[PDB]
Amino acid sequence: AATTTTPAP
Amino acid sequence: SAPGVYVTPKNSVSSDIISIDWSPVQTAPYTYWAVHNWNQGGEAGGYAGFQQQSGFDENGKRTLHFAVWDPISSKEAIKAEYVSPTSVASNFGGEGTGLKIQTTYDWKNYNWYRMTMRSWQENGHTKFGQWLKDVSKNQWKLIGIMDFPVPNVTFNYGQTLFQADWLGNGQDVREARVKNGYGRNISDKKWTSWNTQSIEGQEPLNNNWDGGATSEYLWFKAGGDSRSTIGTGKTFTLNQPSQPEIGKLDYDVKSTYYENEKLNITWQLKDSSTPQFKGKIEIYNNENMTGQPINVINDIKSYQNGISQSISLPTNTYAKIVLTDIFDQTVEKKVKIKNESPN
Ligand SMILES: *[C@H]1O[C@H](CO)[C@H](O)[C@H](O)[C@H]1NC(C)=O
Ligand SMILES: *[C@H]1O[C@H](CO)[C@H](O)[C@H](O)[C@H]1NC(C)=O
Ligand SMILES: *[C@H]1O[C@H](CO)[C@H](O)[C@H](O)[C@H]1NC(C)=O
Ligand SMILES: *[C@H]1O[C@H](CO)[C@H](O)[C@H](O)[C@H]1NC(C)=O
Ligand SMILES: [Zn+2]
Ligand SMILES: [Zn+2]
Ligand SMILES: [Zn+2]
């Protein structure tokens, strides 16, 4: 179901 | 559940075209290879790539993926302007919200696929388009175009690739290869070559992944018995040219006639051509195409192969057909309009 990303740390 | 792996260019900059080549080696189900990523946490955040949605091989569901998150600075919807025949646009939710286009596409292990995205300004909005070259078949395809209702956004920052397990099958190995990473700079319309990239596991304390390079490509894997040979990550350099290898635009005009007060002008790009970005036709009352055109057909889209128009024309007209590919290469042909042509 969800395919996440990351913001800059 | 397999740890993520990110492959990041050392030297990426704000771009309006981004391109990379990808080849799958081991394809566990529930794997997303998001080969392009941009604007994370920001306006027009998005990504695109390839998924193994089910199964372990070509008999499972293999797709292309493309998503852009909903605007921060507008209440207007993202529009799916164009989707290919095996593409489906839908709104996603529960992970932020936005628009995605999922495309059924029978990509194959050990073959290469070039994914090239382009962003452009139009009508006070920004468009994002997805093109795919099947390298073995030497064939481009337009996959989808999204119409994002905010001006002056680009592939501004955040270029990276990831390989991710979205469901929790960490026992299953996933592996792929990439090369030929390039962006076209907003600043000067020159190309930036991503010849040096870093391969880094998402979880510094999890070494259940690996990566490296040959002379030709970067490779990475995760899951199963994968175990890092490069600690938490390492940078590698490929010997790719400073300039990308860009093909040529090539087409055949298929009709150019005027009959029963209808003008019909159509074309077909060669199977070996770069893909169409836009077209324009100018109609002149004279063979040398001096003066002003008597009629202009503007803004023929990537997904349109000519025009049919109710129009009044005099006896001896000529069409200037101006097509441009996704790399801004233009090819202009002049054709005399056949007055009566079904006839
Ligand atoms: C990410 O991929 C999964 C698996 O196919 C889902 O389609 C999910 O909805 C996708 N999310 C985005 C934002 O496109
Ligand atoms: C996206 O974020 C989730 C947490 O919400 C997980 O950390 C997942 O591994 C992330 N995926 C990527 C590809 O960064
Ligand atoms: C990850 O990046 C995507 C765009 O690739 C989106 O901006 C998404 O909202 C980001 N996730 C987080 C938690 O910032
Ligand atoms: C978010 O973190 C992941 C690792 O968890 C990647 O480094 C990704 O590139 C990061 N996103 C950005 C925009 O820096
Ligand atoms: Zn608008
Ligand atoms: Zn002109
Ligand atoms: Zn247009």
Side-chain angles (χ1 to χ4, degrees), chain A, chain B residues 2-10 12 14 28-55 60-71 73-81 87-105 121-128 130 144 146-153 155-169 174 194 197-206 209 211 220 222 232-233 235:
Chain A
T3 21
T4 66
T5 59
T6 65
Chain B
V5 179
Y6 277 73
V7 180
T8 307
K10 209 318 89 55
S12 68
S14 300
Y30 326 117
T31 310
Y32 186 17
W33 300 269
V35 304
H36 291 300
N37 289 270
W38 59 94
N39 297 5
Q40 297 89 339
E43 189 74 278
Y47 60 11
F50 306 86
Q51 302 188 343
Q52 184 85 38
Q53 292 187 343
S54 67
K61 191 183 176 216
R62 290 182 164 178
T63 67
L64 317 179
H65 205 79
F66 176 19
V68 178
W69 276 248
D70 276 338
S73 67
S74 178
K75 294 264 153 51
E76 181 173 4
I78 309 170
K79 176 179 188 174
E81 183 175 317
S87 299
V88 175
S90 70
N91 290 288
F92 66 84
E95 52 191 309
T97 64
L99 184 69
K100 63 177 180 177
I101 300 166
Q102 300 191 175
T103 304
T104 297
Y105 191 102
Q121 299 302 107
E122 190 167 21
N123 298 138
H125 281 196
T126 301
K127 307 303 181 68
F128 292 88
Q130 180 180 42
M146 296 187 192
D147 171 0
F148 189 81
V150 180
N152 302 132
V153 295
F155 307 113
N156 188 48
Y157 68 85
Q159 183 75 50
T160 193
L161 168 156
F162 65 76
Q163 180 184 258
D165 167 358
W166 74 73
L167 217 197
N169 59 331
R174 45 267 296 183
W194 309 335
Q197 310 208 56
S198 167
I199 308 179
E200 186 171 349
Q202 179 152 29
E203 301 168 42
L205 303 179
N206 183 332
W209 65 282
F220 43 89
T232 55
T235 298

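For ligands, and for the atoms within them, numbers begin at 1 and follow the listed sequence. Letters go in sequence order (proteins before strands), and every chain restarts at 1.
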Open item on the list: Assess, by modelled atom type and distance only, whether the side chains of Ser73(B) and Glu43(B) contain a donor and an acceptor separated by less than 3.5 Å.
Closed with: yes

- [ ] Would you mind telling me if ligand 1 is within reach of the side chain of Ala1(A), the backbone, both or neither, using heavy atoms under 4.0 Å?
- [x] backbone

Open item on the list: Inside 2.8 Å of the Zn ion (ligand 5) but strictly below it, how many protein N/O/S atoms are present?
Closed with: 2

- [ ] Say whether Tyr32(B) and ligand 1 are in contact under the criterion: heavy-atom distance to a ligand atom below 4.0 Å.
- [x] no

- [ ] Classify the angle between the aromatic ring planes of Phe162(B) and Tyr6(B) as parallel (below 30°), tilted (30 to 60°) or perpendicular (above 60°).
- [x] tilted

Open item on the list: For a quick check under 3.5 Å, do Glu76(B) and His125(B) share a side-chain donor-acceptor pair by atom type?
Closed with: yes

- [ ] May I ask whether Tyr47(B) has any heavy atom positioned less than 4.0 angstrom from an atom of ligand 1?
- [x] yes

Open item on the list: If the contact criterion is a heavy-atom separation under 4.0 Å, does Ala8(A) count as touching ligand 4?
Closed with: yes

Open item on the list: What I want to know is whether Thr160(B) and ligand 4 share at least one N or O pair that is separated by under 3.5 angstrom.
Closed with: no

TODO: Heavy-atom contacts with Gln40(B) under 4.0 Å: which atoms of ligand 4 show up? List them by number with element.
DONE: 13 (C)

Task: Numbering as shown, the atoms of ligand 1 that approach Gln102(B) to under 4.0 Å (heavy-atom distance) - done: 7 (O)

TODO: Compute the ring centroids of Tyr32(B) and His65(B), then answer whether they are less than 6.0 Å apart.
DONE: yes

- [ ] May I ask you to list the atoms of ligand 1 that are less than 4.0 angstrom from any heavy atom of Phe92(B)?
- [x] 13 (C)

Open item on the list: For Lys127(B), is the NZ atom crowded, meaning more than 12 foreign heavy atoms sit under 6.0 Å from it?
Closed with: yes

Task: Distance-only N or O hit between ligand 1 and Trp166(B), under 3.5 Å - done: no

- [ ] With heavy atoms of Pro7(A) as the reference, note each atom of ligand 4 found under 4.0 Å away.
- [x] 1 (C), 10 (C), 11 (N), 12 (C), 13 (C)

Open item on the list: I'd like to know whether the aromatic ring centres of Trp69(B) and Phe92(B) sit less than 6.0 Å apart in this structure.
Closed with: yes

Open item on the list: As an exercise, identify every atom of ligand 1 less than 4.0 angstrom from a heavy atom of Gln53(B).
Closed with: 5 (O)

Task: Contacting atoms of ligand 1, where contact means under 4.0 angstrom from a heavy atom of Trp69(B) - done: 13 (C)

- [ ] May I ask you to check if ligand 4 and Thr6(A) share an N or O to N or O distance below 3.5 Å?
- [x] yes

Open item on the list: Give me the residue, atom name and distance of the protein heavy atom closest to atom 4 (C) of ligand 4.
Closed with: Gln202(B) NE2, 3.7 Å

Task: Under 3.5 Å side-chain donor-acceptor pair for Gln121(B) and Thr126(B) - done: yes

- [ ] Please identify which atoms of ligand 1 are closer than 4.0 Å to at least one heavy atom of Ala67(B).
- [x] 14 (O)

Open item on the list: Are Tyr105(B) and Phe50(B), when compared by the centres of their aromatic rings, separated by less than 6.0 Å?
Closed with: no

